[PDB]
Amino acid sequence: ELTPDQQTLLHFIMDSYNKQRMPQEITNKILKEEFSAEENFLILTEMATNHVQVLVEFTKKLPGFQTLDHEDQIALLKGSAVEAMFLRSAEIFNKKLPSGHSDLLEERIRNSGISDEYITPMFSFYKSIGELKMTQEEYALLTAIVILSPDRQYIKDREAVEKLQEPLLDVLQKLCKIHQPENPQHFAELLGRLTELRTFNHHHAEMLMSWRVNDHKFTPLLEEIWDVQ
C-alpha cells in the first residue's frame, strides 16, 4: 500500500530531483580539461559551486521548507551540504550517469590534493552504497531526509523539521518493502549508511583546511555554506 498523499508527494519530489540537472556545458569539463592536480581541483570546485545552487533550488521546493524559520532554513543547508553532496556523487559512481563521467571524475578526485586517509574511506563508502542497489527514488528521498535533519547544530524549532522529515522517512520505509520484499532489513541498511555518511562531515573539514594551507580557495558560495572562516 502506498497512500495517495504519499504517491503525489513522491512524484513531486521526483519533479524537484529530476529538475536539478546541471548543464552539460559545465559537466563536459570533467571529461574535456587537462588532468593535472590544479585543474582537477578547479573543476571539482566548479562542479561543487554549481551543485550547491541546484541543491538550494531542490531544498526550496521541499514541501514546508519555504514556511520554516529563516534562521533554521540556513542552519539546515549548512548542516546538510556535505552529506547531500556525498550522496549525489555516490549516485554518479553507482548509477554511472553519463553526464557525471564517473571514471574521469574519480581520476580528478584522486589527484586534487586530498589525503589517502580520506580517499580510501570515501571510495569504500561509494562501493557500499552501490551494493544497496537503490533506485533513483531512494537516492532522492534520502537526500530530502538528509537536508531536513532535525539534529543539525543551531536549529531552533527541531519539531517543525521532524514534521517535514517524518513523512519522507515513512515513504522511503514503504518503498523499501514495496521495491524489495526479498531483503527485509533494506530500510535499516539505508539508515546505517546514513550514519556512515555523517562521518564524512569531519573528514571534509580537515580536507578544507589542508586545501587552504596549500593555497587553494573556493567560491564565495562554497565559503558560506561550508563556513570557510
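In case it trips you up, residue 1 is the first one in the sequence shown, and so on.
- In this entry, the higher average B-factor at the C-alpha atoms falls on 7-15, of the pair 7-15 and 202-210.
- Of the two segments, 119-127 and 102-110, the one listed with the higher mean B-factor is 119-127 (C-alpha atoms only).
- Of the candidates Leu55, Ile30, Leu197, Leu68, the deposited coordinates give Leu68 the top C-alpha B factor.
- Set against one another, the Cα B-factors of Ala188, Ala160, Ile26, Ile43 in the record reach their highest point at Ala160.
- When the modelled residues of the chain are ordered by C-alpha B-factor, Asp151 sits in the highest third.
- Residue-level temperature factors show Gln136 in the highest third of its chain, judged at the C-alpha atom.
- In the PDB entry, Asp227 places in the middle third of its chain by CA B-factor.
- Per the deposited record, the Cα B-factor of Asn183 falls in the highest third when ranked against the other modelled residues of its chain.
- Placement of the Cα temperature factor of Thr59 within the chain: middle third of the modelled residues, per the deposited record.
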